[PDB]
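What follows is one chain in structure tokens, specifically the form deposited in one PDB entry.
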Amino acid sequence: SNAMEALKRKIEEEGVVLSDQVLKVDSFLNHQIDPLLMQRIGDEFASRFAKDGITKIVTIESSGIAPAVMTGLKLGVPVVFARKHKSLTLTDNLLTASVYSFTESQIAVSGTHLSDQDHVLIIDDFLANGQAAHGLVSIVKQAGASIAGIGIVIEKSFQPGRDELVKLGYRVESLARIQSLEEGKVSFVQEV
């Protein structure tokens, strides 16, 4: 009945394990979007960061946008999405970060929409190797803003992304934590 249970159900029902490293969730998160699920997700992120003085959400196009906007809606704050490609109006005050895929690409945000007055919640769909998250952290730091934490819809706990961010002192709130995709099945991190 909570967002974590709903999300785990969806992953169990509709997620397709493609390999040891890849989970396909195109039916609800990455191509088709379940807006009601996104609202529950946003409400859960908002609940976790309710008392933390969030002024702004930062995410990256495209899959991050829906959970980010639902979080922004609940908290009553604006949402900024970083861009991966040249666009028509993203032309000045560019804050950029290099992101390499396991080669390298640039992501960008206009500093016009981020100030040192901001206390930012980063929201993203997947946490795997963590390079995009590090990039968003860099961009927020470049703006002189502080980071309240990182909200992730699906985390692959068996990849290094989470540990890197935690080591750097960041609060990581992952709604689904996957321990393994071995044997073509999703195994979640154990809960007591």
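Between two forms, the rigid core is the largest collection of C-alphas that superpose within 1.5 Å. The numbering used is simple: start at 1 and walk along the sequence shown.
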Legend entry - Residue stretch of maximal mean CA temperature factor, 10 to 18 vs 172 to 180: 10 to 18
Inset, instruction - Specify which of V80, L75, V99, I122 carries the largest Cα B factor in the deposited PDB entry. - result: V99
Legend entry - Third of the chain's Cα B-factor distribution that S110 belongs to, per the entry: middle
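Keep in mind the form deposited in another entry is missing from the figure; the text below concerns it.
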Inset, instruction - Using a superposition on the rigid core, decide whether the Cα position of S87 changes by 2 angstroms or more between this form and the one not shown. - result: yes
Legend entry - Relative Cα spacing, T89 and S110, in the other entry - shift of 3 Å or more: farther
